[PDB]
Every structure is written in structure tokens, then in C-alpha cells.
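upload35.txt (compact mmCIF, N, CA and C atoms)
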# COMPACT_ATOMS: atom_id res chain seq x y z
N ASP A 53 -80.99 -30.96 -54.81
CA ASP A 53 -79.85 -30.09 -55.09
C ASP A 53 -79.48 -29.29 -53.85
N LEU A 54 -80.48 -28.73 -53.18
CA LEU A 54 -80.21 -27.94 -51.98
C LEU A 54 -79.64 -28.82 -50.88
N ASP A 55 -80.23 -30.00 -50.68
CA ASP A 55 -79.74 -30.90 -49.64
C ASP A 55 -78.28 -31.24 -49.86
N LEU A 56 -77.92 -31.53 -51.11
CA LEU A 56 -76.57 -31.93 -51.46
C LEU A 56 -75.59 -30.77 -51.28
N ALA A 57 -75.98 -29.58 -51.71
CA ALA A 57 -75.12 -28.42 -51.51
C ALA A 57 -74.91 -28.15 -50.03
N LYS A 58 -75.94 -28.36 -49.21
CA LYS A 58 -75.80 -28.07 -47.80
C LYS A 58 -74.88 -29.08 -47.12
N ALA A 59 -75.00 -30.36 -47.47
CA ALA A 59 -74.07 -31.35 -46.91
C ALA A 59 -72.64 -31.03 -47.32
N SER A 60 -72.44 -30.65 -48.59
CA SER A 60 -71.08 -30.39 -49.05
C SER A 60 -70.48 -29.19 -48.33
N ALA A 61 -71.26 -28.12 -48.14
CA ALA A 61 -70.77 -26.99 -47.36
C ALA A 61 -70.55 -27.37 -45.90
N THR A 62 -71.38 -28.28 -45.39
CA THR A 62 -71.30 -28.67 -43.98
C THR A 62 -69.97 -29.34 -43.67
N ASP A 63 -69.53 -30.25 -44.53
CA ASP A 63 -68.26 -30.92 -44.27
C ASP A 63 -67.09 -29.93 -44.33
N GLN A 64 -67.12 -29.04 -45.32
CA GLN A 64 -66.09 -28.01 -45.41
C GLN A 64 -66.06 -27.18 -44.14
N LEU A 65 -67.23 -26.90 -43.57
CA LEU A 65 -67.27 -26.10 -42.35
C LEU A 65 -66.67 -26.86 -41.18
N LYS A 66 -66.90 -28.18 -41.12
CA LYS A 66 -66.20 -28.97 -40.11
C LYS A 66 -64.70 -28.80 -40.26
N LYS A 67 -64.21 -28.86 -41.50
CA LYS A 67 -62.77 -28.78 -41.70
C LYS A 67 -62.23 -27.40 -41.32
N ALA A 68 -63.01 -26.35 -41.58
CA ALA A 68 -62.60 -25.02 -41.15
C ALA A 68 -62.49 -24.96 -39.63
N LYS A 69 -63.50 -25.51 -38.94
CA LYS A 69 -63.48 -25.50 -37.49
C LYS A 69 -62.30 -26.28 -36.93
N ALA A 70 -61.89 -27.35 -37.62
CA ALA A 70 -60.78 -28.17 -37.11
C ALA A 70 -59.43 -27.54 -37.42
N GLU A 71 -59.29 -26.91 -38.58
CA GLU A 71 -58.00 -26.34 -38.92
C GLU A 71 -57.76 -25.00 -38.24
N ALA A 72 -58.81 -24.28 -37.86
CA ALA A 72 -58.60 -23.17 -36.94
C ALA A 72 -57.94 -23.64 -35.65
N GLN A 73 -58.18 -24.90 -35.25
CA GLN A 73 -57.46 -25.46 -34.12
C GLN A 73 -56.05 -25.87 -34.50
N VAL A 74 -55.89 -26.57 -35.63
CA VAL A 74 -54.57 -27.11 -35.94
C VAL A 74 -53.56 -25.98 -36.05
N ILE A 75 -53.94 -24.87 -36.67
CA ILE A 75 -52.98 -23.80 -36.91
C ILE A 75 -52.49 -23.22 -35.60
N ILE A 76 -53.42 -22.84 -34.72
CA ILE A 76 -52.99 -22.15 -33.51
C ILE A 76 -52.43 -23.12 -32.48
N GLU A 77 -52.84 -24.39 -32.48
CA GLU A 77 -52.23 -25.32 -31.54
C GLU A 77 -50.86 -25.80 -32.01
N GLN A 78 -50.55 -25.65 -33.30
CA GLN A 78 -49.15 -25.68 -33.71
C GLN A 78 -48.44 -24.41 -33.26
N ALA A 79 -49.07 -23.26 -33.51
CA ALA A 79 -48.47 -21.98 -33.16
C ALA A 79 -48.16 -21.90 -31.67
N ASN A 80 -48.90 -22.63 -30.84
CA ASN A 80 -48.65 -22.56 -29.40
C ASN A 80 -47.42 -23.35 -28.99
N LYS A 81 -47.26 -24.57 -29.52
CA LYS A 81 -46.02 -25.27 -29.24
C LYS A 81 -44.84 -24.50 -29.82
N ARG A 82 -45.05 -23.78 -30.91
CA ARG A 82 -43.97 -22.96 -31.45
C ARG A 82 -43.71 -21.72 -30.60
N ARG A 83 -44.77 -21.11 -30.05
CA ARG A 83 -44.58 -20.03 -29.09
C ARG A 83 -43.75 -20.51 -27.91
N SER A 84 -44.06 -21.69 -27.40
CA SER A 84 -43.25 -22.26 -26.33
C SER A 84 -41.81 -22.41 -26.78
N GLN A 85 -41.60 -23.11 -27.90
CA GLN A 85 -40.25 -23.41 -28.36
C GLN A 85 -39.43 -22.14 -28.56
N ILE A 86 -40.04 -21.10 -29.14
CA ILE A 86 -39.28 -19.89 -29.45
C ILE A 86 -38.64 -19.32 -28.20
N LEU A 87 -39.33 -19.40 -27.07
CA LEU A 87 -38.85 -18.85 -25.81
C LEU A 87 -37.97 -19.83 -25.05
N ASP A 88 -38.29 -21.12 -25.12
CA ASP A 88 -37.47 -22.11 -24.44
C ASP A 88 -36.14 -22.31 -25.15
N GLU A 89 -36.05 -21.91 -26.42
CA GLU A 89 -34.76 -21.82 -27.09
C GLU A 89 -33.97 -20.63 -26.57
N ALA A 90 -34.66 -19.51 -26.32
CA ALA A 90 -34.00 -18.35 -25.75
C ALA A 90 -33.47 -18.64 -24.37
N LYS A 91 -34.17 -19.50 -23.62
CA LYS A 91 -33.65 -19.93 -22.33
C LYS A 91 -32.27 -20.56 -22.50
N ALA A 92 -32.13 -21.48 -23.45
CA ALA A 92 -30.83 -22.10 -23.69
C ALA A 92 -29.82 -21.06 -24.15
N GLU A 93 -30.23 -20.16 -25.05
CA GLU A 93 -29.32 -19.14 -25.56
C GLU A 93 -28.73 -18.34 -24.41
N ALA A 94 -29.59 -17.79 -23.57
CA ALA A 94 -29.12 -16.92 -22.50
C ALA A 94 -28.41 -17.71 -21.40
N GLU A 95 -28.80 -18.96 -21.16
CA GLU A 95 -28.08 -19.76 -20.17
C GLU A 95 -26.65 -20.03 -20.62
N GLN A 96 -26.47 -20.43 -21.88
CA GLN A 96 -25.11 -20.62 -22.38
C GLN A 96 -24.35 -19.30 -22.38
N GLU A 97 -25.03 -18.20 -22.70
CA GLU A 97 -24.36 -16.90 -22.67
C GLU A 97 -23.86 -16.57 -21.27
N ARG A 98 -24.74 -16.71 -20.28
CA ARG A 98 -24.35 -16.50 -18.89
C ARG A 98 -23.17 -17.39 -18.51
N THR A 99 -23.26 -18.69 -18.82
CA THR A 99 -22.18 -19.59 -18.44
C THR A 99 -20.88 -19.19 -19.11
N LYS A 100 -20.94 -18.71 -20.35
CA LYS A 100 -19.72 -18.31 -21.04
C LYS A 100 -19.11 -17.08 -20.38
N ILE A 101 -19.93 -16.08 -20.06
CA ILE A 101 -19.36 -14.88 -19.44
C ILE A 101 -18.78 -15.23 -18.07
N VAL A 102 -19.46 -16.09 -17.32
CA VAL A 102 -18.96 -16.44 -16.00
C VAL A 102 -17.66 -17.22 -16.13
N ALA A 103 -17.56 -18.10 -17.13
CA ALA A 103 -16.32 -18.84 -17.32
C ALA A 103 -15.18 -17.91 -17.71
N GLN A 104 -15.47 -16.91 -18.54
CA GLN A 104 -14.43 -15.99 -18.98
C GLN A 104 -13.91 -15.15 -17.82
N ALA B 105 -25.53 -12.71 -14.65
CA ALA B 105 -24.17 -13.22 -14.57
C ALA B 105 -23.19 -12.24 -13.94
N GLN B 106 -23.60 -11.01 -13.65
CA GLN B 106 -22.65 -10.02 -13.16
C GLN B 106 -22.47 -10.11 -11.65
N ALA B 107 -23.57 -10.13 -10.90
CA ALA B 107 -23.46 -10.33 -9.46
C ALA B 107 -22.73 -11.63 -9.15
N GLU B 108 -22.92 -12.64 -10.00
CA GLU B 108 -22.27 -13.92 -9.81
C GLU B 108 -20.76 -13.81 -9.91
N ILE B 109 -20.25 -12.79 -10.58
CA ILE B 109 -18.81 -12.57 -10.67
C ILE B 109 -18.34 -11.62 -9.59
N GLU B 110 -19.18 -10.65 -9.24
CA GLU B 110 -18.86 -9.76 -8.13
C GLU B 110 -18.64 -10.56 -6.85
N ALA B 111 -19.53 -11.51 -6.57
CA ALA B 111 -19.36 -12.37 -5.41
C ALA B 111 -18.04 -13.12 -5.48
N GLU B 112 -17.61 -13.49 -6.67
CA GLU B 112 -16.37 -14.24 -6.80
C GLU B 112 -15.15 -13.37 -6.59
N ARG B 113 -15.20 -12.12 -7.02
CA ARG B 113 -14.12 -11.20 -6.68
C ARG B 113 -14.00 -11.05 -5.17
N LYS B 114 -15.13 -10.82 -4.50
CA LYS B 114 -15.08 -10.70 -3.04
C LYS B 114 -14.50 -11.96 -2.41
N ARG B 115 -14.93 -13.12 -2.87
CA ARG B 115 -14.51 -14.36 -2.25
C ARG B 115 -13.04 -14.65 -2.49
N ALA B 116 -12.52 -14.34 -3.67
CA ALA B 116 -11.10 -14.58 -3.93
C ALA B 116 -10.24 -13.60 -3.13
N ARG B 117 -10.64 -12.33 -3.09
CA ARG B 117 -9.93 -11.37 -2.26
C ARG B 117 -9.82 -11.88 -0.83
N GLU B 118 -10.93 -12.34 -0.26
CA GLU B 118 -10.88 -12.84 1.11
C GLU B 118 -9.99 -14.07 1.21
N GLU B 119 -10.08 -14.98 0.24
CA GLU B 119 -9.24 -16.17 0.26
C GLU B 119 -7.78 -15.80 0.38
N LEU B 120 -7.36 -14.75 -0.33
CA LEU B 120 -5.96 -14.35 -0.29
C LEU B 120 -5.60 -13.69 1.03
N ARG B 121 -6.47 -12.79 1.49
CA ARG B 121 -6.22 -12.12 2.76
C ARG B 121 -6.01 -13.14 3.87
N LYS B 122 -6.74 -14.25 3.83
CA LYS B 122 -6.59 -15.25 4.89
C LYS B 122 -5.16 -15.77 4.95
N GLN B 123 -4.61 -16.15 3.81
CA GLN B 123 -3.27 -16.73 3.79
C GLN B 123 -2.25 -15.73 4.27
N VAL B 124 -2.31 -14.51 3.74
CA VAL B 124 -1.34 -13.51 4.18
C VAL B 124 -1.43 -13.33 5.69
N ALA B 125 -2.65 -13.30 6.22
CA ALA B 125 -2.83 -13.02 7.64
C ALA B 125 -2.33 -14.13 8.53
N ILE B 126 -2.38 -15.39 8.09
CA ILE B 126 -1.83 -16.43 8.95
C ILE B 126 -0.31 -16.49 8.83
N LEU B 127 0.22 -16.29 7.62
CA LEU B 127 1.67 -16.32 7.49
C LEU B 127 2.31 -15.19 8.26
N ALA B 128 1.62 -14.06 8.39
CA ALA B 128 2.13 -12.98 9.23
C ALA B 128 2.45 -13.48 10.63
N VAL B 129 1.48 -14.15 11.27
CA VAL B 129 1.69 -14.54 12.66
C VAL B 129 2.69 -15.68 12.76
N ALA B 130 2.72 -16.58 11.78
CA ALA B 130 3.78 -17.59 11.82
C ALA B 130 5.15 -16.93 11.79
N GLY B 131 5.30 -15.91 10.95
CA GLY B 131 6.57 -15.20 10.89
C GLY B 131 6.88 -14.45 12.17
N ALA B 132 5.86 -13.88 12.80
CA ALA B 132 6.11 -13.19 14.06
C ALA B 132 6.56 -14.16 15.13
N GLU B 133 5.99 -15.35 15.17
CA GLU B 133 6.40 -16.38 16.16
C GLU B 133 7.89 -16.62 16.04
N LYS B 134 8.36 -17.01 14.86
CA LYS B 134 9.78 -17.39 14.69
C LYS B 134 10.67 -16.19 14.96
N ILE B 135 10.29 -15.04 14.43
CA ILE B 135 11.11 -13.82 14.63
C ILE B 135 11.18 -13.60 16.13
N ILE B 136 10.08 -13.67 16.86
CA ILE B 136 10.06 -13.39 18.33
C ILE B 136 10.92 -14.42 19.05
N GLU B 137 10.89 -15.68 18.64
CA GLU B 137 11.66 -16.77 19.29
C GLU B 137 13.15 -16.65 18.98
N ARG B 138 13.55 -15.82 18.02
CA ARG B 138 14.98 -15.61 17.68
C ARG B 138 15.64 -14.49 18.50
N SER B 139 14.85 -13.59 19.09
CA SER B 139 15.31 -12.23 19.46
C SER B 139 15.03 -11.86 20.91
N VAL B 140 14.23 -12.63 21.65
CA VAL B 140 13.88 -12.35 23.08
C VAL B 140 14.70 -13.27 23.97
N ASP B 141 15.63 -14.03 23.40
CA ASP B 141 16.43 -15.04 24.15
C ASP B 141 17.38 -14.32 25.11
N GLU B 142 17.51 -13.00 25.01
CA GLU B 142 18.50 -12.21 25.78
C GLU B 142 17.89 -11.68 27.07
N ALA B 143 18.47 -10.62 27.65
CA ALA B 143 17.95 -9.95 28.87
C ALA B 143 16.64 -9.25 28.53
N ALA B 144 16.23 -9.26 27.26
CA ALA B 144 14.96 -8.66 26.80
C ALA B 144 13.83 -9.23 27.66
N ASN B 145 13.97 -10.45 28.15
CA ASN B 145 12.96 -11.09 29.01
C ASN B 145 12.79 -10.23 30.26
N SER B 146 13.86 -9.68 30.82
CA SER B 146 13.80 -8.92 32.10
C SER B 146 12.93 -7.67 31.98
N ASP B 147 12.87 -7.09 30.79
CA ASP B 147 12.01 -5.95 30.50
C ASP B 147 10.55 -6.37 30.47
N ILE B 148 10.24 -7.46 29.78
CA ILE B 148 8.85 -7.90 29.69
C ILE B 148 8.31 -8.17 31.08
N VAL B 149 9.03 -8.96 31.87
CA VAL B 149 8.53 -9.35 33.19
C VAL B 149 8.46 -8.16 34.12
N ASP B 150 9.26 -7.12 33.90
CA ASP B 150 9.15 -5.91 34.70
C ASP B 150 8.09 -4.96 34.17
N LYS B 151 7.64 -5.15 32.94
CA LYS B 151 6.71 -4.20 32.35
C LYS B 151 5.32 -4.33 32.98
N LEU B 152 4.83 -5.55 33.12
CA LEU B 152 3.47 -5.71 33.63
C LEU B 152 3.38 -5.44 35.12
N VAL B 153 4.46 -5.66 35.87
CA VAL B 153 4.36 -5.51 37.32
C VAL B 153 4.09 -4.06 37.69
N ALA B 154 4.55 -3.11 36.88
CA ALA B 154 4.21 -1.72 37.14
C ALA B 154 2.73 -1.45 36.89
N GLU B 155 2.07 -2.28 36.08
CA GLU B 155 0.64 -2.18 35.88
C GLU B 155 -0.13 -3.29 36.59
N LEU B 156 0.55 -4.38 36.93
CA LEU B 156 -0.07 -5.52 37.59
C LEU B 156 -1.02 -5.11 38.72
This structure in C-alpha cells:
Amino acid sequence: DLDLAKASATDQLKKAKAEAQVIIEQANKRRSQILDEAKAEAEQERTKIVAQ
Amino acid sequence: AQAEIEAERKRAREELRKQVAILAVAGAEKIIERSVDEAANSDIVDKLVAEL
């Protein structure tokens, strides 16, 4: 019983360790995107004011 | 985007000044060639000799 409970907790712990990665490594590409979208926003803004 | 427009104001101002400044001298040439055809030449040639 103890051996089985420990294996079952062990696999769950692997999944916790992996999803702590998945969440923040998604969050990092999103951190990039959030700012690289602002680059486009402000570049188009600059170009519009200069054109006007 | 603001300095980028300031530079353009300066550059357009200069572009215009150039044209006015060359047309000035073209006009002076023709005007001078219309009006010194008389004894006015005798004054010019006598003017420098007093300083020559």
C-alpha cells in the first residue's frame, strides 16, 4: 500500500515539476509578444504623426 | 517623431531660401543688362581708377 501510494504521488510530482515550466515558459513568450506588439503600435503611431 | 519633423521644417525652409536666392541674382543680371547700356559705363570705369 505504501509503495503504491508513493509511486502515485511520485508521478503527480513529476507533472507538477513539468507544468511549473509550461506555465511560465508560455508566460515568457507572452511577455515578449506583449511588448513586441507595443513596438508595432508605437511605430505605426510615429509613422502616422510624421505623415500628418 | 518630433525631432524628425523639426528637421523637416528646417530642411524645407532652406529648400525655399535656395530658390529665392538664385532667382534674385538671375533677376539682377537681366535688370543690370537693361540699364548700364548708357554712359553709366563711364562712371563705373572711372570709379575704380580713383581707388585703383
When you get a sec, could you note down which chain A residues fall within 8 Å of chain B, using only N, CA and C atoms, as a PyMOL selection string?
chain A and resi 97-99+101-102
How many Å separate atom C of residue 103 (chain A) from CA of residue 90 (chain A)?
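One can read the atom C of residue 103 (chain A) to CA of residue 90 (chain A) distance as 20.5 Å.
Picture a line from atom C of residue 84 (chain A) to atom N of residue 96 (chain A); it runs 16.2 Å.
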Residues of chain B classed as alpha helix (DSSP H) by DSSP on the backbone are to be reported as a PyMOL selection string.
chain B and resi 107-139+144-153
Any idea what the distance is between atom N of residue 60 (chain A) and atom N of residue 75 (chain A)?
22.8 Å
Could I get region 82-100 of chain A rebuilt with N, CA, C and O atoms, written as a PDB file, in the frame of the given file?
ATOM      1  N   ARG A  82     -45.050 -23.780 -30.910  1.00  0.00           N
ATOM      2  CA  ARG A  82     -43.970 -22.960 -31.450  1.00  0.00           C
ATOM      3  C   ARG A  82     -43.710 -21.720 -30.600  1.00  0.00           C
ATOM      4  O   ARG A  82     -42.566 -21.297 -30.443  1.00  0.00           O
ATOM      5  N   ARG A  83     -44.770 -21.110 -30.050  1.00  0.00           N
ATOM      6  CA  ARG A  83     -44.580 -20.030 -29.090  1.00  0.00           C
ATOM      7  C   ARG A  83     -43.750 -20.510 -27.910  1.00  0.00           C
ATOM      8  O   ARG A  83     -42.839 -19.809 -27.458  1.00  0.00           O
ATOM      9  N   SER A  84     -44.060 -21.690 -27.400  1.00  0.00           N
ATOM     10  CA  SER A  84     -43.250 -22.260 -26.330  1.00  0.00           C
ATOM     11  C   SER A  84     -41.810 -22.410 -26.780  1.00  0.00           C
ATOM     12  O   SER A  84     -40.887 -21.878 -26.152  1.00  0.00           O
ATOM     13  N   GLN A  85     -41.600 -23.110 -27.900  1.00  0.00           N
ATOM     14  CA  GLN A  85     -40.250 -23.410 -28.360  1.00  0.00           C
ATOM     15  C   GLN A  85     -39.430 -22.140 -28.560  1.00  0.00           C
ATOM     16  O   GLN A  85     -38.250 -22.106 -28.218  1.00  0.00           O
ATOM     17  N   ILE A  86     -40.040 -21.100 -29.140  1.00  0.00           N
ATOM     18  CA  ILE A  86     -39.280 -19.890 -29.450  1.00  0.00           C
ATOM     19  C   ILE A  86     -38.640 -19.320 -28.200  1.00  0.00           C
ATOM     20  O   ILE A  86     -37.515 -18.796 -28.246  1.00  0.00           O
ATOM     21  N   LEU A  87     -39.330 -19.400 -27.070  1.00  0.00           N
ATOM     22  CA  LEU A  87     -38.850 -18.850 -25.810  1.00  0.00           C
ATOM     23  C   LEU A  87     -37.970 -19.830 -25.050  1.00  0.00           C
ATOM     24  O   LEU A  87     -36.997 -19.429 -24.402  1.00  0.00           O
ATOM     25  N   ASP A  88     -38.290 -21.120 -25.120  1.00  0.00           N
ATOM     26  CA  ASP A  88     -37.470 -22.110 -24.440  1.00  0.00           C
ATOM     27  C   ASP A  88     -36.140 -22.310 -25.150  1.00  0.00           C
ATOM     28  O   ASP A  88     -35.204 -22.850 -24.550  1.00  0.00           O
ATOM     29  N   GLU A  89     -36.050 -21.910 -26.420  1.00  0.00           N
ATOM     30  CA  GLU A  89     -34.760 -21.820 -27.090  1.00  0.00           C
ATOM     31  C   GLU A  89     -33.970 -20.630 -26.570  1.00  0.00           C
ATOM     32  O   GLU A  89     -32.746 -20.697 -26.414  1.00  0.00           O
ATOM     33  N   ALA A  90     -34.660 -19.510 -26.320  1.00  0.00           N
ATOM     34  CA  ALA A  90     -34.000 -18.350 -25.750  1.00  0.00           C
ATOM     35  C   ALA A  90     -33.470 -18.640 -24.370  1.00  0.00           C
ATOM     36  O   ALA A  90     -32.440 -18.094 -23.960  1.00  0.00           O
ATOM     37  N   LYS A  91     -34.170 -19.500 -23.620  1.00  0.00           N
ATOM     38  CA  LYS A  91     -33.650 -19.930 -22.330  1.00  0.00           C
ATOM     39  C   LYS A  91     -32.270 -20.560 -22.500  1.00  0.00           C
ATOM     40  O   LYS A  91     -31.323 -20.202 -21.789  1.00  0.00           O
ATOM     41  N   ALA A  92     -32.130 -21.480 -23.450  1.00  0.00           N
ATOM     42  CA  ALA A  92     -30.830 -22.100 -23.690  1.00  0.00           C
ATOM     43  C   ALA A  92     -29.820 -21.060 -24.150  1.00  0.00           C
ATOM     44  O   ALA A  92     -28.662 -21.068 -23.705  1.00  0.00           O
ATOM     45  N   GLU A  93     -30.230 -20.160 -25.050  1.00  0.00           N
ATOM     46  CA  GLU A  93     -29.320 -19.140 -25.560  1.00  0.00           C
ATOM     47  C   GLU A  93     -28.730 -18.340 -24.410  1.00  0.00           C
ATOM     48  O   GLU A  93     -27.500 -18.236 -24.273  1.00  0.00           O
ATOM     49  N   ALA A  94     -29.590 -17.790 -23.570  1.00  0.00           N
ATOM     50  CA  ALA A  94     -29.120 -16.920 -22.500  1.00  0.00           C
ATOM     51  C   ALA A  94     -28.410 -17.710 -21.400  1.00  0.00           C
ATOM     52  O   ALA A  94     -27.497 -17.178 -20.773  1.00  0.00           O
ATOM     53  N   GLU A  95     -28.800 -18.960 -21.160  1.00  0.00           N
ATOM     54  CA  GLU A  95     -28.080 -19.760 -20.170  1.00  0.00           C
ATOM     55  C   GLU A  95     -26.650 -20.030 -20.620  1.00  0.00           C
ATOM     56  O   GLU A  95     -25.712 -19.873 -19.834  1.00  0.00           O
ATOM     57  N   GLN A  96     -26.470 -20.430 -21.880  1.00  0.00           N
ATOM     58  CA  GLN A  96     -25.110 -20.620 -22.380  1.00  0.00           C
ATOM     59  C   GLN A  96     -24.350 -19.300 -22.380  1.00  0.00           C
ATOM     60  O   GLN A  96     -23.150 -19.279 -22.094  1.00  0.00           O
ATOM     61  N   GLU A  97     -25.030 -18.200 -22.700  1.00  0.00           N
ATOM     62  CA  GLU A  97     -24.360 -16.900 -22.670  1.00  0.00           C
ATOM     63  C   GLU A  97     -23.860 -16.570 -21.270  1.00  0.00           C
ATOM     64  O   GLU A  97     -22.705 -16.167 -21.082  1.00  0.00           O
ATOM     65  N   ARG A  98     -24.740 -16.710 -20.280  1.00  0.00           N
ATOM     66  CA  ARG A  98     -24.350 -16.500 -18.890  1.00  0.00           C
ATOM     67  C   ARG A  98     -23.170 -17.390 -18.510  1.00  0.00           C
ATOM     68  O   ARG A  98     -22.189 -16.923 -17.928  1.00  0.00           O
ATOM     69  N   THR A  99     -23.260 -18.690 -18.820  1.00  0.00           N
ATOM     70  CA  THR A  99     -22.180 -19.590 -18.440  1.00  0.00           C
ATOM     71  C   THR A  99     -20.880 -19.190 -19.110  1.00  0.00           C
ATOM     72  O   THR A  99     -19.811 -19.285 -18.495  1.00  0.00           O
ATOM     73  N   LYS A 100     -20.940 -18.710 -20.350  1.00  0.00           N
ATOM     74  CA  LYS A 100     -19.720 -18.310 -21.040  1.00  0.00           C
ATOM     75  C   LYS A 100     -19.110 -17.080 -20.380  1.00  0.00           C
ATOM     76  O   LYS A 100     -17.892 -17.028 -20.159  1.00  0.00           O
TER      77      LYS A 100
END
